[PDB]
Amino acid sequence: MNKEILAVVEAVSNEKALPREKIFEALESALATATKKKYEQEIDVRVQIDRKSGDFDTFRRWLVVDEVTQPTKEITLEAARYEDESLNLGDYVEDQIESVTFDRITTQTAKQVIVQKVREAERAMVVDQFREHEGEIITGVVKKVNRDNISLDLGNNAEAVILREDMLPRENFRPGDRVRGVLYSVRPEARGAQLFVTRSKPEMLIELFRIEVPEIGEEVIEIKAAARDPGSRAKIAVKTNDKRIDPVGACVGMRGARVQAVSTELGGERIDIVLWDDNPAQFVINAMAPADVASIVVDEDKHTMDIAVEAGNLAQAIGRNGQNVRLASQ
Amino acid sequence: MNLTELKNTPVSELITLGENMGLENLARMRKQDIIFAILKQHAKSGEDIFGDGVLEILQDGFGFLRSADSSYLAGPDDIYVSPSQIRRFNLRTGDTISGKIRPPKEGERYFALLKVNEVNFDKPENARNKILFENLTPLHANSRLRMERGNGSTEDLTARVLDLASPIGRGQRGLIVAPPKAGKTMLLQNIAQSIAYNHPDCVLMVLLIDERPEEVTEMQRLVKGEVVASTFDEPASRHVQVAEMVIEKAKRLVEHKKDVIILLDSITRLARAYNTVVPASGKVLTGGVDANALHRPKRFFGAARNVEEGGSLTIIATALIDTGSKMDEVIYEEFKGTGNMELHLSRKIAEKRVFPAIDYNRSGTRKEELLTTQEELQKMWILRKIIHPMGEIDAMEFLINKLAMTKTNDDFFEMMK
RNA sequence: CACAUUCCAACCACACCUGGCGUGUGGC
DNA sequence: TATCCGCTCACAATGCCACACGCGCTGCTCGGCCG
């Protein structure tokens with residue numbers, strides 16, 4: 001029998017994702033499930049196949065508690081006199097041996113646990129190797145699109161997920177194109193979707209800058225705050241530690257080229273880049289650009305900013321859905 | 001409307017063009033599908049079409065016109081031709097065909113080439129009269145392909161030392177024995193820029209197989225030449241297909257008396273793909289590599305030759321060694337004694353921040369006297385005599401210092417006196 | 001210029017196995 | 001050449017099912033030969 005388990009442990013194709021130790025512990029869990037299915041009772045046990053010495057064996061777990069239900073896993077907190085427990089809780093025994101691990105039900109449950117854990121192991125390895133990319137822009141091809149979630153192939157058995165809020169209300173994709181995005185959420189213990197990648201943010205735009213601007217990356221133009229209505233607007237107020245570097249002159253570029261390049265990379269999104277000030281009044285004056293206001297009432301007790309606009313600039317100070325305000329309000 | 005002048009346009013330009021043509025939101029379909037729909041509508045407005053593409057004959061006998069940007073893949077933007085045209089104009093694999101094309105019909109899924117106006121940049125009448133590539137008589141390289149740029153920058157040295165290590169000519173067979181972490185991509189970029197500046201007459205062909213996509217997008221818009229690559233996101237089928245078809249294109253170009261040069265990276269991964277695509281031969285040697293699995297790569301490597309009648313096919317293939325792979329070990333063992341031009345790169349110098357990490361004594365070129373006059377012959381002989389007793393890293397750094405001390409190889413030869 | 005085979009969203013097509021001949025046995 | 005007769009060779013003597021079983025001029029020499 002040990003020859004069969006040695007053959008199945010050596011015949012693993014992805015020995016990296018599942019080395020001998022975790023493969024043997026998977027087989028241990030499978031044999032424990034098989035033993036559970038053997039007896040009508042529900043007793044959890046361990047195997048300890050003895051990877052390199054010889055064949056396998058089985059133990060019996062107690063999980064010492066004051067309960068009595070399923071006495072196969074019931075031992076009182078003081079039953080440590082004879083049989084050499086000596087501890088309060090956690091004392092287990094090797095009582096049960098002679099576990100059949102080759103019949104039809106055993107083989108079926110073994111294959112089930114093996115496939116479940118190879119899925120778990122590939123998930124764990126891909127998340128551990130591509131999680132540090134959280135905050136960077138990575139490309140990838142989509143392979144399935146649905147009304148609630150879409151999948152992405154990154155390569156080397158790497159699967160990324162994009163939800164509905166992860167996509168723009170009007171952006172579009174289909175299996176075959178190479179889309180880029182930043183990974184924002186990570187769940188190395190998730191059962192399904194693992195690599196929550198999207199853009200859906202202005203900080204993603206910041207990363208875009210870090211990729212497209214050689215100056216950005218050494219903190220030459222500090223980005224203070226930014227808000228984005230997806231596919232609609234991108235308000236952003238940045239500062240500059242230097243006095244000769246103009247943010248609306250450098251970050252915007254020449255005759256509106258860098259901002260227009262980012263807009264056409266996002267699919268025509270109006271981006272308002274403005275200079276940050278050390279006062280909330282002038283900050284919100286400049287944030288509603290393009291506009292012209294001469295009313296500032298800031299209240300830190302009520303967190304209120306009364307910024308009245310001149311009659312005529314209303315449609316320019318509010319915009320569609322209150323954009324120039326709703327972004328500035330956030 | 002030509003296919004190239006429409007496809008090399010940016011994706012956003014295609015989206016705006018389709019939206020101006022009165023279509024659904026084009027952000028859903030892929031680039032090939034966008035091109036297909038755009039051509040469908042542009043033909044629905046009349047507009048007799050003019051297309052082009054590289055020919056591929058399938059097992060049935062018909063032909064498909066693949067495009068260069070899609071790395072010669074199958075898509076709705078493909079042009080179908082019946083075997084009747086192939087029998088009439090005497091076409092073959094690798095022949096780029098350009099001419100008039102029409103809209104498709106119901107039940108048809110591809111366009112039809114009506115009449116060809118260009119075959120491999122030639123008259124369609126002379127397309128049937130061309131000597132086969134196999135019937136040609138190979139020879140040694142005679143015309144020297146100088147790689148010296150002449151500006152003496154921090155990158156030109158990369159080619160200068162090259163010309164100081166192993167001369168290269170038209171139709172030469174080249175191997176690059178370099179371990180990883182060495183900068184083979186930098187060497188390829190330098191040699192591509194050198195061949196684009198010095199010899200713009202000969203067509204440059206650069207191929208990247210089983211490569212990461214970043215290098216693909218870098219090479220596709222950095223060098224002056226038609227860049228076709230194939231990333232690892234596809235099975236070995238596409239790899240071997242693009243290899244066969246690019247070598248067929250090169251053979252057709254040489255048959256049309258054109259000097260072609262193929263930069264390949266890497267021959268090891270291509271041999272890996274050729275091994276995993278071919279069925280088993282019955283037995284197995286060390287490394288899991290089949291016996292006949294290397295027949296196709298070896299052929300690919302032997303296709304390079306200097307034609308006596310006209311044209312040439314130079315190849316420079318990079319090999320992966322020192323990777324701890326049994327498969328790569330046996331592949332390099334097989335490919336070692338195969339070519340006449342080899343360049344060995346030292347990993348110890350590579351990851352010692354001494355670029356370009358070259359190995360002088362290990363590298364060389366057979367029949368190098370046919371690619372250089374007596375002057376550079378004696379100069380290189382003196383250089384080899386003075387560098388042989390020296391070590392590896394010290395000699396490399398001394399040579400690169402004496403090279404950077406000047407602009408070109410002539411000034412170095414003069415200062416060596 | 002012309003006939004023109006147009007290659008692998010649910011799913012339709014990808015479905016199955018012995019008296020050839022003799023002999024023997026039994027019932028109507 | 002009749003004509004009955006004999007020889008002998010070619011053509012017959014229900015018709016349904018159920019089950020079982022099976023391989024008796026091919027092994028050793030001479031003549032062939034287009035993917």
# chains A, B, ... in the order shown; residues from 1 in each chain; ligands from 1
$ residues_around --residues "segment 220-229 of chain B" --least-positions-apart "6" --cutoff "6 Å" --atoms "only C-alpha atoms (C1' of nucleotides)" --output "list in words"
residues 71, 196, 204, 206, 207, 208 and 209 of chain B
$ residues_around --residues "residue 202 of chain A" --least-positions-apart "6" --cutoff "8 Å" --atoms "only C-alpha atoms (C1' of nucleotides)" --output "ChimeraX atom specification"
/A:226-228,234
$ closest_atom_pairs --of "chain A" --to "chain B" --cutoff "12 Å" --atoms "only C-alpha atoms" --output "JSON lines"
{"residue": "A:138", "atom": "CA", "partner": "B:214", "partner_atom": "CA", "distance": 10.5}
{"residue": "A:139", "atom": "CA", "partner": "B:213", "partner_atom": "CA", "distance": 9.1}
{"residue": "A:140", "atom": "CA", "partner": "B:233", "partner_atom": "CA", "distance": 9.9}
{"residue": "A:141", "atom": "CA", "partner": "B:233", "partner_atom": "CA", "distance": 9.3}
{"residue": "A:142", "atom": "CA", "partner": "B:30", "partner_atom": "CA", "distance": 11.1}
{"residue": "A:145", "atom": "CA", "partner": "B:28", "partner_atom": "CA", "distance": 10.6}
{"residue": "A:153", "atom": "CA", "partner": "B:233", "partner_atom": "CA", "distance": 8.8}
{"residue": "A:154", "atom": "CA", "partner": "B:233", "partner_atom": "CA", "distance": 8.4}
{"residue": "A:155", "atom": "CA", "partner": "B:233", "partner_atom": "CA", "distance": 6.1}
{"residue": "A:156", "atom": "CA", "partner": "B:233", "partner_atom": "CA", "distance": 8.2}
{"residue": "A:157", "atom": "CA", "partner": "B:233", "partner_atom": "CA", "distance": 10.1}
{"residue": "A:158", "atom": "CA", "partner": "B:233", "partner_atom": "CA", "distance": 11.1}
{"residue": "A:168", "atom": "CA", "partner": "B:27", "partner_atom": "CA", "distance": 12.0}
{"residue": "A:170", "atom": "CA", "partner": "B:27", "partner_atom": "CA", "distance": 9.1}
{"residue": "A:171", "atom": "CA", "partner": "B:27", "partner_atom": "CA", "distance": 7.0}
{"residue": "A:172", "atom": "CA", "partner": "B:28", "partner_atom": "CA", "distance": 4.8}
{"residue": "A:173", "atom": "CA", "partner": "B:28", "partner_atom": "CA", "distance": 4.8}
{"residue": "A:174", "atom": "CA", "partner": "B:28", "partner_atom": "CA", "distance": 5.7}
{"residue": "A:175", "atom": "CA", "partner": "B:30", "partner_atom": "CA", "distance": 8.0}
{"residue": "A:176", "atom": "CA", "partner": "B:30", "partner_atom": "CA", "distance": 6.5}
{"residue": "A:177", "atom": "CA", "partner": "B:30", "partner_atom": "CA", "distance": 6.0}
{"residue": "A:178", "atom": "CA", "partner": "B:30", "partner_atom": "CA", "distance": 9.5}
{"residue": "A:179", "atom": "CA", "partner": "B:30", "partner_atom": "CA", "distance": 11.3}
{"residue": "A:261", "atom": "CA", "partner": "B:12", "partner_atom": "CA", "distance": 11.2}
{"residue": "A:263", "atom": "CA", "partner": "B:12", "partner_atom": "CA", "distance": 11.3}
{"residue": "A:264", "atom": "CA", "partner": "B:12", "partner_atom": "CA", "distance": 7.5}
{"residue": "A:265", "atom": "CA", "partner": "B:12", "partner_atom": "CA", "distance": 8.3}
{"residue": "A:266", "atom": "CA", "partner": "B:12", "partner_atom": "CA", "distance": 10.2}
{"residue": "A:267", "atom": "CA", "partner": "B:12", "partner_atom": "CA", "distance": 8.0}
{"residue": "A:268", "atom": "CA", "partner": "B:12", "partner_atom": "CA", "distance": 9.9}
$ atom_distance --atom1 "atom CA of residue 318 of chain B" --atom2 "atom CA of residue 175 of chain B"
5.7 Å
$ residues_around --residues "segment 12-29 of chain D" --least-positions-apart "6" --cutoff "12 Å" --atoms "only C-alpha atoms (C1' of nucleotides)" --output "PyMOL selection string"
chain C and resi 21-28
$ interface_residues --of "chain C" --to "chain B" --cutoff "12 Å" --atoms "only C-alpha atoms (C1' of nucleotides)" --output "PDB file with N, CA and C atoms (P, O5', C5', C4', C3', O3' and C1' of nucleotides), in the first residue's frame"
ATOM      1  P     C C   1     -12.420  42.945 -62.201  1.00  0.00           P
ATOM      2  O5'   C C   1     -12.144  41.957 -63.421  1.00  0.00           O
ATOM      3  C5'   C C   1     -10.884  41.320 -63.574  1.00  0.00           C
ATOM      4  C4'   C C   1     -11.026  39.962 -64.217  1.00  0.00           C
ATOM      5  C3'   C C   1     -11.832  38.938 -63.433  1.00  0.00           C
ATOM      6  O3'   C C   1     -13.229  39.090 -63.610  1.00  0.00           O
ATOM      7  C1'   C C   1      -9.818  37.952 -64.190  1.00  0.00           C
ATOM      8  P     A C   2     -14.232  38.919 -62.366  1.00  0.00           P
ATOM      9  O5'   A C   2     -14.477  37.348 -62.282  1.00  0.00           O
ATOM     10  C5'   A C   2     -15.117  36.649 -63.339  1.00  0.00           C
ATOM     11  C4'   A C   2     -14.879  35.164 -63.241  1.00  0.00           C
ATOM     12  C3'   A C   2     -15.222  34.527 -61.902  1.00  0.00           C
ATOM     13  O3'   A C   2     -16.602  34.227 -61.780  1.00  0.00           O
ATOM     14  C1'   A C   2     -13.084  33.794 -62.608  1.00  0.00           C
ATOM     15  P     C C   3     -17.266  34.011 -60.332  1.00  0.00           P
ATOM     16  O5'   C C   3     -17.153  32.441 -60.082  1.00  0.00           O
ATOM     17  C5'   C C   3     -17.895  31.520 -60.869  1.00  0.00           C
ATOM     18  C4'   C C   3     -17.408  30.106 -60.674  1.00  0.00           C
ATOM     19  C3'   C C   3     -17.474  29.565 -59.253  1.00  0.00           C
ATOM     20  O3'   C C   3     -18.760  29.083 -58.906  1.00  0.00           O
ATOM     21  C1'   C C   3     -15.351  29.090 -60.181  1.00  0.00           C
ATOM     22  P     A C   4     -19.496  29.602 -57.573  1.00  0.00           P
ATOM     23  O5'   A C   4     -18.478  29.254 -56.397  1.00  0.00           O
ATOM     24  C5'   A C   4     -18.077  27.915 -56.143  1.00  0.00           C
ATOM     25  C4'   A C   4     -16.713  27.866 -55.502  1.00  0.00           C
ATOM     26  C3'   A C   4     -16.646  28.323 -54.054  1.00  0.00           C
ATOM     27  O3'   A C   4     -17.006  27.299 -53.146  1.00  0.00           O
ATOM     28  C1'   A C   4     -14.939  29.386 -55.291  1.00  0.00           C
ATOM     29  P     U C   5     -18.033  27.595 -51.947  1.00  0.00           P
ATOM     30  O5'   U C   5     -17.623  26.531 -50.835  1.00  0.00           O
ATOM     31  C5'   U C   5     -16.331  26.568 -50.240  1.00  0.00           C
ATOM     32  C4'   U C   5     -15.948  25.239 -49.636  1.00  0.00           C
ATOM     33  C3'   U C   5     -14.636  25.244 -48.854  1.00  0.00           C
ATOM     34  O3'   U C   5     -14.720  24.332 -47.756  1.00  0.00           O
ATOM     35  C1'   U C   5     -14.483  23.711 -50.648  1.00  0.00           C
ATOM     36  P     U C   6     -15.497  24.733 -46.402  1.00  0.00           P
ATOM     37  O5'   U C   6     -14.356  25.262 -45.421  1.00  0.00           O
ATOM     38  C5'   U C   6     -13.607  26.433 -45.730  1.00  0.00           C
ATOM     39  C4'   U C   6     -13.843  27.542 -44.732  1.00  0.00           C
ATOM     40  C3'   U C   6     -15.272  27.650 -44.200  1.00  0.00           C
ATOM     41  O3'   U C   6     -15.253  28.191 -42.878  1.00  0.00           O
ATOM     42  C1'   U C   6     -14.715  29.627 -45.360  1.00  0.00           C
ATOM     43  P     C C   7     -14.571  27.398 -41.657  1.00  0.00           P
ATOM     44  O5'   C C   7     -14.536  25.875 -42.122  1.00  0.00           O
ATOM     45  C5'   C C   7     -14.148  24.856 -41.211  1.00  0.00           C
ATOM     46  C4'   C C   7     -12.812  24.259 -41.575  1.00  0.00           C
ATOM     47  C3'   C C   7     -12.095  23.509 -40.464  1.00  0.00           C
ATOM     48  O3'   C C   7     -12.581  22.192 -40.276  1.00  0.00           O
ATOM     49  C1'   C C   7     -10.574  24.959 -41.547  1.00  0.00           C
ATOM     50  P     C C   8     -12.960  21.676 -38.802  1.00  0.00           P
ATOM     51  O5'   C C   8     -11.912  22.417 -37.859  1.00  0.00           O
ATOM     52  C5'   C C   8     -11.802  22.085 -36.479  1.00  0.00           C
ATOM     53  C4'   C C   8     -11.346  23.267 -35.659  1.00  0.00           C
ATOM     54  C3'   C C   8     -11.075  22.972 -34.185  1.00  0.00           C
ATOM     55  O3'   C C   8     -10.010  23.804 -33.724  1.00  0.00           O
ATOM     56  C1'   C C   8     -12.782  24.596 -34.363  1.00  0.00           C
TER      57        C C   8
END
$ select_by_dssp --residues "segment 9-93 of chain A" --states "alpha helix (DSSP H)" --output "list in words"
residues 9, 10, 20, 21, 22, 23, 24, 25, 26, 27, 28, 29, 30, 31, 32, 33, 34, 35, 36, 37 and 38 of chain A
$ residues_around --residues "residue 147 of chain B" --least-positions-apart "4" --cutoff "8 Å" --atoms "only C-alpha atoms (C1' of nucleotides)" --output "count of residues only"
8
$ atom_distance --atom1 "atom CA of residue 229 of chain A" --atom2 "atom CA of residue 159 of chain A"
27.7 Å
$ atom_distance --atom1 "atom CA of residue 349 of chain B" --atom2 "atom CA of residue 398 of chain B"
12.8 Å
$ residues_around --residues "residue 40 of chain B" --least-positions-apart "3" --cutoff "12 Å" --atoms "only C-alpha atoms (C1' of nucleotides)" --output "list in words"
residues 1, 18, 21, 23, 33, 34, 35, 36, 37, 43, 44, 45, 46, 47, 48, 49, 76, 77, 101, 102, 103, 104, 105, 109, 110 and 111 of chain B
$ write_last_selection --atoms "C-alpha atoms" --output "PDB file, in the first residue's frame"
ATOM      1  CA  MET B   1      -8.252  50.820 -47.474  1.00  0.00           C
ATOM      2  CA  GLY B  18     -15.969  53.007 -36.008  1.00  0.00           C
ATOM      3  CA  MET B  21     -18.914  55.071 -39.279  1.00  0.00           C
ATOM      4  CA  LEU B  23     -21.569  51.497 -35.324  1.00  0.00           C
ATOM      5  CA  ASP B  33     -13.041  42.100 -34.441  1.00  0.00           C
ATOM      6  CA  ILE B  34     -12.946  45.912 -34.586  1.00  0.00           C
ATOM      7  CA  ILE B  35     -10.935  45.764 -37.814  1.00  0.00           C
ATOM      8  CA  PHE B  36     -13.359  43.179 -39.209  1.00  0.00           C
ATOM      9  CA  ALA B  37     -16.441  45.294 -38.458  1.00  0.00           C
ATOM     10  CA  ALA B  43     -17.047  47.858 -47.892  1.00  0.00           C
ATOM     11  CA  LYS B  44     -20.807  48.250 -47.411  1.00  0.00           C
ATOM     12  CA  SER B  45     -20.138  51.816 -48.602  1.00  0.00           C
ATOM     13  CA  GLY B  46     -18.689  50.409 -51.831  1.00  0.00           C
ATOM     14  CA  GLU B  47     -14.951  51.075 -51.752  1.00  0.00           C
ATOM     15  CA  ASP B  48     -13.223  48.232 -53.563  1.00  0.00           C
ATOM     16  CA  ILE B  49     -10.646  47.169 -50.977  1.00  0.00           C
ATOM     17  CA  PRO B  76     -11.954  37.626 -38.409  1.00  0.00           C
ATOM     18  CA  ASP B  77      -9.606  40.127 -40.101  1.00  0.00           C
ATOM     19  CA  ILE B 101      -9.938  42.285 -51.959  1.00  0.00           C
ATOM     20  CA  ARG B 102     -13.753  42.315 -51.813  1.00  0.00           C
ATOM     21  CA  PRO B 103     -16.432  42.112 -49.076  1.00  0.00           C
ATOM     22  CA  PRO B 104     -17.453  38.666 -47.804  1.00  0.00           C
ATOM     23  CA  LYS B 105     -20.771  36.892 -48.316  1.00  0.00           C
ATOM     24  CA  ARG B 109     -16.268  34.355 -42.836  1.00  0.00           C
ATOM     25  CA  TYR B 110     -13.224  35.942 -44.509  1.00  0.00           C
ATOM     26  CA  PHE B 111     -12.398  38.275 -47.369  1.00  0.00           C
TER      27      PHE B 111
END
$ residues_around --residues "residue 138 of chain B" --least-positions-apart "2" --cutoff "7 Å" --atoms "only C-alpha atoms (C1' of nucleotides)" --output "MDAnalysis selection string"
chainID B and resid 136 305:308
